[PDB]
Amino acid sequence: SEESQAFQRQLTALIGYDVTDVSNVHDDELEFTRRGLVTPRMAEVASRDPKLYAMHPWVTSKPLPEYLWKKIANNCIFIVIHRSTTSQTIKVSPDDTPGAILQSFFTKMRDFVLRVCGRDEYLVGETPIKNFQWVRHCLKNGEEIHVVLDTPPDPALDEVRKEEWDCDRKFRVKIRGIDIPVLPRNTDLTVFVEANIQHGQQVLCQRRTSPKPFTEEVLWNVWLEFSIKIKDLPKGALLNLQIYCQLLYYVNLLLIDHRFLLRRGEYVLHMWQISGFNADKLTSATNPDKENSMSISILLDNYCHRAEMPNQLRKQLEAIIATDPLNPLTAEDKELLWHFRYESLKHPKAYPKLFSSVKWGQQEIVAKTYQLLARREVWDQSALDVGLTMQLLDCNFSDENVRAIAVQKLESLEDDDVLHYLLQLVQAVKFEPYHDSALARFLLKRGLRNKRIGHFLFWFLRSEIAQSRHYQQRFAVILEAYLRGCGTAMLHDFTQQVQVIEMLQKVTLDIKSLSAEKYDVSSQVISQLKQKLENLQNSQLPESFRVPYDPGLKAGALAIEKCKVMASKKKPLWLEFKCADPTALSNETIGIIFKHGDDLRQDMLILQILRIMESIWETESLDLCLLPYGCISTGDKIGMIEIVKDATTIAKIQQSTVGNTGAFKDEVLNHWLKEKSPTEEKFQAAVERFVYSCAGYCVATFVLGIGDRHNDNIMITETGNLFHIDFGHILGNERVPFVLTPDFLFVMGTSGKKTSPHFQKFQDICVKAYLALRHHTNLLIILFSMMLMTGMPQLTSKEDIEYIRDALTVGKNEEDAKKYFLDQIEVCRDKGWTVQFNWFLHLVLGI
């Protein structure tokens, strides 16, 4: 129409990419996908309750962990209900619904709502108050549960806009040639084309051109006939073309298209270059950069389209099925699993390994696989196992029906668990052969159902659209779909957040880049900071905006006075904001560190695995006091990081008593904690929160292979909460497992070889946290494995992915694992500050 064009440009600005752009396409899959997603969008918009979607209660079905009954076991929960200037405390029973708090409130004094003080967080719906996230949050941080008796939000604001032959012959392909605008880097070199028919990372068969000398234009015009017959090409198979001289470029093309058609015609594919196994390598997307990218020209021209297992082998099948996900299946293992596929079908944990034994390059076999899939009885009734469900969505599976069953299983995850695996489900869209998939439809649907899932979905897709040329197209189409159903209100918030971000990026692109060597932040530099901000504050940066890593917090006016440019190299901005909420329980500002220059995706990955580890521990009634702080990549190499209220780095606690020396003293940390604590009640509580948090980061770090850090990369609160930071240093550009130094030891009651009531508690907390994570070996393995394939371009080999197997003492028993971890604690005590002193030499100087 007309206003429908004005809308697209809004979406385009929100998305950060134009989805109707067709300058880097070779078929209509993307446009076909924007079409396929209209249905599930509209099917969910029309399906959600307008009142509960406007209010997004954040609730859980999980048991209330035992470490929180140790604060309300007496069946009484206090809830401060506030009004204008009058408030009232009320005692509640863990099972009282927010609706039932008109009977134990209005009587003491029906169409009102209970909203949390200073937040867009509502306590409503037919749910027990114990099961509210905000409630468990206060209980955990021993906080008063302050709410506000106010009227519900008008759903009318969520208004969604509206809106409306040779079939059995061997497969062949012709390599016409390749061409690059420029190349001179060395002398004359040799070069050839490797064509692989792939399906879920396995080479069905491979062919090569003869090698020619490497010139601007290299022409072959040769047909390459393959060992697979066209009728055998499975759906989702990939023609992967690579250039060696060794591996320099690659591009992929789906053999079968989105409409079940075999691919026919001429093609000129602009390739991706390698910098000398990675999710980028599997993309069907071509390089948009035509001016400077290698291209390959091809021609495609084809037409279309119950004996029971015996004892001993039974034990083999079983020995196979119980192995870790990162264990190769030999040719004998595959034959066993396949021939006894009906036995294999009764063990859900065997699905990944059975599906990796299917000869996808033989259509009769695929057909039996589908016949097999039609049963599925057990799988349908199996207890949802996320680590198992994720294993079917990695790079090792390309079949749509296989991956669809994994999604079918995800359908039963509740909102708060979706929130836990969300980032990783989004990353997993990178392993889908087609743009429209059961996984993508699912994320569309969960985000459209719940405002909080929607909020994060938006940011996660946008960080990929902003810094991934390989998948931005696919992801933009998915974000547009979501944006077209989230609602007018949310569309308005997202607009406010994007405006602020672009405004902050531009302020940083001016102010930043005025310092090329560590410490140098002058009055001149700040003058400009507080100046451009001063221009912005003036009826420009929106009234307010939801905090991207904390959607329930609305940030208001910028306290320009409190802003500065941080000491460090990349010159991040230290921003301070007034909370636009008046009913907020305090005066405190909102501190956000806005950085440009770094891709923060790797950090989000790390912090989310941490939120995952805490979720595991909760199942085992443990609370390790990790502080996984807000961190959202918000655009190309830019982002928002949360500032934790009263924290400093471990290095500066050492620095502010000694100096710029590596002559670290055991005392200063406990000295800092006592000094910063008012009463002795708060000091003991802080020694205790330190004990927990320290154990927390020790295991967490070790398990992830990131425990060996300089103490400037570690921080603590005035309350004893320890926490790691900047996970990009290490995963971007003599050793130890984690960080258990004399100062941490001093706080716990020891120095070199001793033992104490706190240190003994520390050791025990570790072991029970480590062993709880081993109960989830397979799961942490597939997460890590997936994290390295989609999060970091470098660490992308079999070897790197293995690290975690050794770390989780896979195969060994809880007993030996107890020793293995105590060992580690021991390689730490047997080094005091060796390493900290080395990192000081290494990093702080230039050694």
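In this text, residue numbers run from 1 along the sequence as written.
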For the neighbouring pair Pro582 and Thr583, the stretch of deposited sequence with no coordinates amounts to none
Residues of the deposited chain absent from the coordinates between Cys245 and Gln246 total 10 or more
Per the PDB entry, mean CA B-factor is higher for 661-669 or 248-256, namely for 661-669
Looking only at C-alpha temperature factors in the entry, 334-342 or 311-319, the higher average sits in 311-319
In this crystal structure's PDB entry, the residue among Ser47, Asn813, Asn778, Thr790 with the greatest CA B factor is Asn813
Comparing C-alpha B-factors across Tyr53, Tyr820, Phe784, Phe32 in this entry, the winner is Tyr820
The third of the chain into which the C-alpha temperature factor of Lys518 falls is the highest
Quick tally, chain-level thirds of C-alpha B-factors: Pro628 sits in the lowest
The third of the chain into which the C-alpha temperature factor of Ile804 falls is the middle
Binned into thirds over the chain's modelled residues, the C-alpha B-factor of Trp134 lands in the middle
Of the three thirds of the chain ranked by Cα temperature factor, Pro57 occupies the middle
